[PDB]
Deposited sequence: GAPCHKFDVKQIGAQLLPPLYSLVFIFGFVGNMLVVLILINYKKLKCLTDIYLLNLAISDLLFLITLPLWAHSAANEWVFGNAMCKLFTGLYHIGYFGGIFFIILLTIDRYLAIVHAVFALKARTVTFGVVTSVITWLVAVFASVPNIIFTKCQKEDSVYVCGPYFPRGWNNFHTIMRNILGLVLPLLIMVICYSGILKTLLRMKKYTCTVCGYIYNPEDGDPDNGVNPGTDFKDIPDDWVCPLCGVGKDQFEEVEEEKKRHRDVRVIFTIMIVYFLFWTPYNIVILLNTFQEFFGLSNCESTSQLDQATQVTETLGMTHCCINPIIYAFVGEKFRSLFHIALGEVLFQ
């Protein structure tokens, strides 16, 4: 039974994710505040991303209890903890989007900027969570009390498509635009420097004063060509000789943990459109919604782990933070 596996697996799983996630994200928060001192824009969004994960993490103890026991915290706590879940969820992905845009603007193309964009982003994360705070309530579901969603059909179609737009389409569109643009800057023609004076031949500019059109490859220039500054030949020319990894991994790992759930709710909501309206398929999609939600819920403890492995400079700060 899916409910029996839930009551055995979730309480310890969610308690471990809560603990590991709380230590991990609370280390990031106080590393950024004390050591980095929130001077850069990337530090301001990583702080807000850590806060998003913490707002999500603090709900796990109540979900851990509800896996094995009924909902004993009442209707207000059901709505409060649903709000914190969604504010943490939307805040998390929106702060990953701003980090990917910040790297795009820095490569391809300031505290007041960070504070304004962060507070506006928290506002959109709070707004996106209102529907779930409205329709989620503590209700008698047969023999047991459950804190769950009671969306009218119209709202269920809205919730599902709006969750897939903000959680899957928007971040994937931002990734394809930002990283194709970032990759395009890393694709360039080779520039060569004169080993005598130091004149750098830039293929983009070329050398139109001595018969080289802008955009000519150094190898396509004739042997008679000479250095414009000192006059030496083509034979004396040598060829001219990190945050993206962390910010890229953070978005990729987000998709891995949350896309299965987003697609399962899309399939379970519009079953007639996908052709999954039969009896056997609805039961599998209900079990899949429960299984894929657990995967997504373990994501809130992963960003501090990515920083330790992908970030070498972050690794050094974690060792200093644990010592203090």
Missing stretches, numbered from 1 on the deposited chain sequence and kept in order: 1 to 7, 117 to 124, 257 to 262, 346 to 349
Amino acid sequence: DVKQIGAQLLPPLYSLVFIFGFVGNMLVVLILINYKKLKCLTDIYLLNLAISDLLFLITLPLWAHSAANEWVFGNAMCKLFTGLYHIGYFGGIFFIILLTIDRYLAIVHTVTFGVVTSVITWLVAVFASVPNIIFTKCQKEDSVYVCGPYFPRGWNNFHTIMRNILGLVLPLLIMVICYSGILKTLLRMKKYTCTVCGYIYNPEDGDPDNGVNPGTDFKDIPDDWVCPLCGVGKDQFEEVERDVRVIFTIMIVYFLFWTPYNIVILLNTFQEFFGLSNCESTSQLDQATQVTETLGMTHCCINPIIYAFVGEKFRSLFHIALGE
From here on, numbers count along this sequence of modelled residues.
Mean C-alpha temperature factor, higher of 273 to 281 and 45 to 53: 273 to 281
Comparing 232 to 240 with 167 to 175, which has the greater mean CA B-factor as deposited? 232 to 240
Highest Cα temperature factor in the entry, among the options 298, 259, 289, 34: which one is it? 34
When the entry's CA B-factors for 199, 135, 145, 90 are compared, the highest one belongs to 199
Based on the entry's values, in what third of the chain does the Cα temperature factor of residue 264 lie: lowest, middle or highest? lowest
Using the B-factor values recorded in the entry, state whether the Cα atom of residue 151 falls in the lowest, middle or highest third among the modelled residues of its chain. middle
Residue 76 - Cα temperature factor, lowest/middle/highest third of chain: middle
Where does residue 118 sit by CA temperature factor within its chain: lowest, middle or highest third? middle
Ranked against its chain, the third holding the CA B-factor of residue 246: middle
